[PDB]
Amino acid sequence: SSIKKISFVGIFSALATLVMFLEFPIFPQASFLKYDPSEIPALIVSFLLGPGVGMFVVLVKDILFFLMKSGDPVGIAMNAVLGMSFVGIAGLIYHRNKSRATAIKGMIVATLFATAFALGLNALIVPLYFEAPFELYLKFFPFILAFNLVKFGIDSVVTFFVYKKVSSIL
Ligand SMILES: Cc1cc2nc3c(=O)[nH]c(=O)nc-3n(C[C@H](O)[C@H](O)[C@H](O)CO)c2cc1C
């Protein structure tokens, strides 16, 4: 039944939006970087149903969060762009031969791409957002690499240990 999958997707974008209110800065200096575990639900959906569906969960969840927090379109756009890359790369790698090996490799390749991708965009957004010299991005660089690494690392480890316990329940 597709309605069982629509239910699953609709449920998991609702939890992805709720859990986002738990955001907090891991680094008090780079306080604009806030961690939230909202992509663990999307990565589960990506793994159990397809990369495109998991990315769709990230977009629905961030749209809903922006309407409730309209004060930050820049900081939600970057979360949306990175979350869909991370959960997209991981699911595409993994679905070519569903196993833990390509689940593990899917999340590592996705984590390192999203982090480099973050560094490239965080290189272009930080000076504009703070109306500051490129100096400041280089000052933020060690926090940016460390943060998007811990964020998508913990999201990978958590997802890895939970998402087949989720396939059993279905
Ligand atoms: C300037 C700016 C840069 C951000 N950079 C990253 C990033 O590089 N990697 C990431 O995972 N999240 C990043 N975020 C995600 C951030 O936690 C999210 O957008 C929050 O809603 C910002 O308050 C960034 C946010 C902002 C505002």
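What follows draws every value from the coordinates through simple rules; no lab data is involved. When we count neighbours, we look across all protein chains shown, and the Cβ atoms used for this are built from the backbone with ideal geometry, even at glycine.
Tabulated values for the structure
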| quantity | calculated |
| --- | --- |
| With Cα atoms, 0 to 90° folded angle of helix 39-49 axis to the chain main axis | 30 degrees |
| Charge dipole (debye, nearest 20) of the chain; +1 at Cβ of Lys and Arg, -1 at Cβ of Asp and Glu | 820 debye |
| Long pairs among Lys4/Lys165; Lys105/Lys165; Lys4/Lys34; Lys5/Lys69; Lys69/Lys165; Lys69/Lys98, criterion Cα-Cα beyond 27 Å | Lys4/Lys34; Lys5/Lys69; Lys69/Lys165; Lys69/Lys98 |
| Folded to 0 to 90 degrees: helix 51-68 orientation relative to the chain principal axis, Cα | 50 degrees |
| All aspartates and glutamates inside 19 Å of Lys139 as judged from Cα atoms, apart from same-chain residues fewer than 8 positions distant | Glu131 |
| For the chain: relative contact order, % (alpha-carbon pairs under 8 angstrom, 6 or more apart) | 21 percent |
| Largest-first principal axis extents of the Cα set of the chain (Å) | 54, 35, 22 |
| Those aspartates and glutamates that a straight Cα-Cα span of less than 15 Å connects to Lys61, excepting residues fewer than 8 apart in one chain | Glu23, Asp36, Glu39, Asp72 |
| Cα lying deepest toward the dipole's positive end in the chain, options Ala77, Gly54, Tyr94, charges on Cβ | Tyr94 |
| Estimated [θ] at 222 nm from DSSP helical runs (n ≥ 4, -39500 (n - 2.57)) normalised by residues in the chain, nearest 500 | -26500 deg cm²/dmol |
